[PDB]
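Visitor: Sharing a structure below in structure tokens format, with a few things to ask.
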Amino acid sequence: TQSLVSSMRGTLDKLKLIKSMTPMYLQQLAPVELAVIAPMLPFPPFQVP
Amino acid sequence: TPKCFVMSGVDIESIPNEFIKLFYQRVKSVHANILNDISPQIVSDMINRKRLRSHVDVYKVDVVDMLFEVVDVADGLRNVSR
Amino acid sequence: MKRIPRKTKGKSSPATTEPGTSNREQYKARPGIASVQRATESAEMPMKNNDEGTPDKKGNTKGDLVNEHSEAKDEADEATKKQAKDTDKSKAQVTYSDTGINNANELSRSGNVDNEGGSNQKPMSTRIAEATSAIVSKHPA
């Protein structure tokens, strides 16, 4: 019954420009950790391409 | 699940409780081909496979159906009639 | 010569003050040693033994009489319950059962099937006893 373009667009902008540091963590530090624990696991990794 | 079983040995006619009679009738009439039926002997064997190698009501009784045959032994031979 | 006990049963069954050794440093490590040690203790536990369906000392199979699919589903339910208990929640975020995948051909080891592909409604030892007793002969009177 009422236009919501202004409200809907404004919400999406906040989500798009959020100050989340998770993406840089997964790209940089997360691979480094998994490399450290992997040789010490009781069950060594078993992967498929 | 296919680990469920239904005990046979009691005729579906003779079920005393009427609601249970209805339930069993409908189930047997709809899903007859996909029910696992086991005899009481089979149940006892399942129970005892490896191991084997207060106020009480007075108006409850156990009944059985007896099977017999009429035989004529007029001569030394036998003749089953019915 | 000091004997090492077994853990399992078997068949038979001047000044001397160095100038730089005083302890005065006060350092608090982050992350915490205790927390990391507890996590590593948990992580280094070995995997359990899945011996269901294998023969025993005499020759009989070990396990319980459950159809393979039902056994798999029950194991999934138990895993989900254990996960919920570990996470300290009534229900678990991650579930090994009731997913969106139609994994209806799954099979698991069970004690209902022997090594030969037959059923275990009668134990192998009892079957052997039956077969060998079928051919016994006795002393004449």
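Residue numbers (the working numbering), protein chains in the order written: chain G, 1 to 49; chain L, 1001 to 1082; chain W, 2001 to 2141.
Built from N, CA and C at the ideal position, the CB exists for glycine as well.
1. Identify the continuous alpha helix (DSSP H) that holds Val5(G) and give its terminal residues.
2. Is there a Cβ from chain W that is less than 7 Å from the Cβ of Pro1040(L)?
3. Is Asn2067(W) close to chain L? Criterion is C-beta to C-beta, closer than 7 Å.
4. Consider the Cβ of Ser2012(W): report whether some Cβ of chain L lies at a distance smaller than 7 Å.
5. Round the Cβ separation of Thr2061(W) and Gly2053(W) to the nearest angstrom and send it over; I've been treating them as touching at under 8 Å.
6. Please state whether DSSP places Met2045(W) in a helix, a strand or coil.
7. Assuming contact is defined by CB atoms lying nearer than 7 Å, are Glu2071(W) and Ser2110(W) in contact in what I supplied?
8. Could you work out which residue in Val1070(L), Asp1065(L), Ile1034(L), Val1073(L) is closest to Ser1014(L) when comparing CA atoms only?
9. Quick check on the DSSP output: what are the complete beta strand (DSSP E) runs of length 3 or more inside the region 2069-2124 of chain W, in order along the chain?
10. What residues of chain G sit near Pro2123(W), judged by a beta carbon separation below 9 Å?
11. Whose CA, out of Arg2038(W), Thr2016(W), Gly2059(W), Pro2031(W), lies closest to the CA of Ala2129(W)?
12. Between the C-alpha atoms of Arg1026(L) and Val1006(L), what's the straight-line distance to the nearest angstrom?
13. Using 10 angstroms around the beta-carbon of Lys2073(W), count the other beta-carbons present and answer buried if the total reaches 16, otherwise exposed.
14. Which residues of chain W have a Cβ atom closer than 7 Å to the Cβ of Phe43(G), listed in chain order?
15. Is there a Cβ of chain W sitting closer than 7 Å to that of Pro1016(L), yes or no?
16. Evaluate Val2066(W) with the Cβ neighbour count: other Cβ atoms within 10 Å of its Cβ, from every protein chain shown; 16 or more gives buried, anything less gives exposed.
17. Smallest Cα separation from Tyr1024(L): which of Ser1008(L), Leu1067(L), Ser1054(L)?
18. Let's see if you can read the secondary structure: which residues bound the alpha helix (DSSP H) around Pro23(G)?
19. Can you list, in chain order, the residues of its chain with a C-beta nearer than 8 Å to that of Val1071(L)? Leave out the 5 residues immediately preceding and following it.
Guide: Let me lay it out:
1. The residue labelled residue 5(G) in the question sits at position 5 within the first sequence. Residues 5-16.
2. Translated into positions along the second sequence, residue 1040(L) becomes position 40. For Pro1040(L), the answer is no, since every Cβ of chain W falls outside 7 Å of its Cβ.
3. Here residue 2067(W) refers to the residue found at position 67 when the third sequence is read from its first residue. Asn2067(W) counts as touching chain L.
4. Residue numbering aside, residue 2012(W) sits at position 12 when the third sequence is read from its first letter. Not one chain L Cβ lies under 7 Å of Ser2012(W).
5. As a first step, residue 2061(W) is located in the third sequence; it is residue number 61 there, counting from the start. As a first step, residue 2053(W) is located in the third sequence; it is residue number 53 there, counting from the start. So it is a contact: roughly 6 Å between Cβ atoms.
6. Taking the third sequence and counting its residues from 1, one reaches residue 2045(W) at position 45. In the structure shown, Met2045(W) sits in coil (DSSP, three-state: anything other than H, G, I, E or B).
7. Mapped onto the third sequence, residue 2071(W) falls at position 71. Mapped onto the third sequence, residue 2110(W) falls at position 110. Their beta carbons are under 7 Å apart, which means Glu2071(W) touches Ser2110(W) by this criterion.
8. Counted from its first residue, the second sequence places residue 1014(L) at position 14. Nearest of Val1070(L), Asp1065(L), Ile1034(L), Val1073(L) to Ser1014(L), Cα basis: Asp1065(L).
9. none
10. Numbered from 1 along the third sequence, position 123 holds the residue referred to as residue 2123(W). None at all; the shortest Cβ gap to chain G is about 35 Å.
11. Walking along the third sequence from the start, residue 2129(W) turns up at place 129. Selected option, being the one with the closest Cα: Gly2059(W).
12. Stepping through the second sequence from its first residue, residue 1026(L) is reached at position 26. Stepping through the second sequence from its first residue, residue 1006(L) is reached at position 6. In a straight line, the C-alpha of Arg1026(L) is about 14 Å away from that of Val1006(L).
13. Here residue 2073(W) refers to the residue found at position 73 of the third sequence. Its Cβ being crowded by 16 or more others within 10 Å, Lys2073(W) is buried.
14. Sequence index remark: in the first sequence, residue 43(G) carries index 43 (1-based). Near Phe43(G) (Cβ distances below 7 Å), the residues of chain W are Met2047.
15. By one-based count along the second sequence, residue 1016(L) stands at place 16. For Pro1016(L), the answer is no, since every Cβ of chain W falls outside 7 Å of its Cβ.
16. Residue 2066(W) sits at position 66 when you count from the first residue of the third sequence. When all chains shown are included, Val2066(W) counts as buried.
17. One-based indexing of the second sequence puts residue 1024(L) at position 24. The option with the nearest alpha carbon to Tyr1024(L) is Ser1008(L).
18. Numbered from its first residue, the first sequence carries residue 23(G) at position 23. Segment 22-37, the alpha helix (DSSP H) holding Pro23(G).
19. Sequence index remark: in the second sequence, residue 1071(L) carries index 71 (1-based). If we look at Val1071(L) and ignore the five residues flanking it on each side, its Cβ neighbours are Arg1078, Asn1079, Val1080, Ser1081.
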